[PDB]
Structures are given as structure tokens and as C-alpha cells.
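First, one chain by itself: the form deposited in one PDB entry, in C-alpha cells.
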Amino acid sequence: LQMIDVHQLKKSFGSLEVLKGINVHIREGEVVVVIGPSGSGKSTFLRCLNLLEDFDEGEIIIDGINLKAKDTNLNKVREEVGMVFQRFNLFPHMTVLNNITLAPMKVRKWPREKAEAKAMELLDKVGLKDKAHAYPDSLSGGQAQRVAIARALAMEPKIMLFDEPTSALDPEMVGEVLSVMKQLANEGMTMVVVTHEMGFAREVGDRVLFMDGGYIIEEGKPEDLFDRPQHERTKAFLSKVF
């Protein structure tokens, strides 16, 4: 309940209150999986967590610091949270290596040799050291998404956010990215993963949160949630998804 703390979170886009009061508390090293239909506020939720969107009411605490406290450095938090999106993760005009090294050099003021040493180490980890000097256009979707992960890991964050990282990919490219994320969980990374891939959720997630219409409607262990859902809306959603 220590790494991410969310109390009565609400958000509105004028008329549409997209997050209608949500509560979640994520411990250090916990993999939490977010599921639910389109328009639930799943991405908005992740954005608030990543300081990409401000909220209308409630509280967000990350690593024991408040996002709306006057004294708190938001830029310092920004670099402790990583985020991988469904698309557009890479700079197409830069090599794979320079994608990864850009922020660690620009933000954390690392020297080139140091940053590239760690970038090659992460490319090794994802199975793409042989693509260091390649351009994003040369990469398949599964390879591009694995570079996005490596990009995010180079800042060495405390939390990794994943917004449907495999949703835009062909089925032959999905498990590629899921195994990197799977491996990332095995190394004690606090992860929030928005996904429709339920086999990942059950295999990897510590808790599953079912979001619908701006609420977290049901939550709990993957086995508990998938096998024995209690809420009609959870049942309805699970009757048509993977």
C-alpha cells in the first residue's frame, strides 16, 4: 500500500466525469493489472499516475510523496515513473540506441559512454542488442514495443506503467512483449498494466482491477476475479474478452 496511493480520484473532461471516485493502493513490487471495456478511464487513470494529466479531486501519492503538495518536485517524480503506450513510443528519426540514451543523458545528466553501456545492457535483456544502430522503421511491432520498454527502463524507474502495449500488435508479436513484461515482474518491479490479454493477467498479476464507467467495480486475485466474478458487469465483460 506504499508505492502508489490513490484516494477518491476524480477527473472530468468538462461534462464527462471519466474517473468517478477511484481508490487503489499499490505496494512496492506489486504487479497490478487493469481490465475493462473502452471508455472506462483506464488510460486517463495511468496518465494521472504519470503526471500527464491533472485531476479534479482526490489524492495521488507516489513513493510517499503527494502530487499536489506545494513543496513537491513533480519533475523528480516524472522520472521515477516509466510509461509504455500502445503506439508512438519511439523517435523514428533516431537509432534504437539513441532512443534509449536520450533521456538518461538529457534528464539525469549521464555521460554518453555510461548511458550507452546501460542501453546495450537493456537491449541485451530484451533480445535486441543486434538492433542498437537500426532505425525504428527497420523494427517489427514486437521489436519496437520491446525497445519502448528498454527506453523506459533506462531511466531506471521505480514504477512501470503499461497502457495496452500489445493491443496494436499482430498476435504473432504479442507474447514477445509479454515475456519481457513477465520477466520484469519476476524482478520485483512495481507494475500497473492495462491489458486485454487475460493470460498475462492470470499468469503475472498480483491483483486485477476491473474498471467500468469510471469506477473500479470489482477487484482481487486473478484466479478469484476471472474464475469466480461476483458483479454482473464483470461477468458481462469477461463473457466477451481476450
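Under this definition, the rigid core comprises the largest set of C-alpha atoms superposing within 1.5 Å between the forms. Residue indices: 1-based, along the sequence shown.
TODO: Select between 32-40 and 60-68 the stretch whose C-alpha atoms have the higher average B-factor in the entry.
DONE: It is 60-68 that shows the higher mean C-alpha B-factor.
TODO: State which stretch shows the higher mean Cα B factor in the entry: 112-120 or 98-106.
DONE: Taking the mean C-alpha B-factor of 112-120 and of 98-106, the larger value falls to 112-120.
Open item on the list: According to the Cα B-factor stored in this entry, which of the following is highest: 127, 142, 165, 82?
Closed with: Max CA B-factor in the entry, restricted to 127, 142, 165, 82: 127.
Open item on the list: Using only the C-alpha B-factors in the record, can you name which of 87, 151, 76, 93 has the highest?
Closed with: Highest C-alpha B-factor among the listed residues goes to 76.
- [ ] Among all modelled residues of this chain, ranked by Cα B factor, put residue 17 in the bottom, middle or top third, i.e. lowest, middle or highest.
- [x] It belongs to the highest third of the chain when residues are ordered by C-alpha B-factor.
One more form of this protein, deposited in another entry, exists but is not displayed; see below.
Open item on the list: Relative to the superposed rigid core, does residue 94 relocate between the shown form and the other one - that is, does its Cα move 2 Å or more?
Closed with: Yes, shifts by 2 Å or more.
TODO: Would you tell me if residue 232 moves between the shown form and the other one by 2 Å or more at its C-alpha, with the rigid core held superposed?
DONE: Yes, because once the rigid core is superposed, the C-alpha of residue 232 moves 2 Å or more between the shown form and the other one.
Task: residue 69: Cα shift of 2 Å or greater between the shown form and the other one (core-aligned) - done: Yes; residue 69 is a residue whose C-alpha shifts (by 2 Å or more) between the shown form and the other one when the cores are overlaid.
Task: Residue pair residue 13, residue 73 - Cα distance in the other form, closer or farther (3 Å or more) - done: Closer: residue 13 and residue 73 approach by 3 Å or more in the other form.
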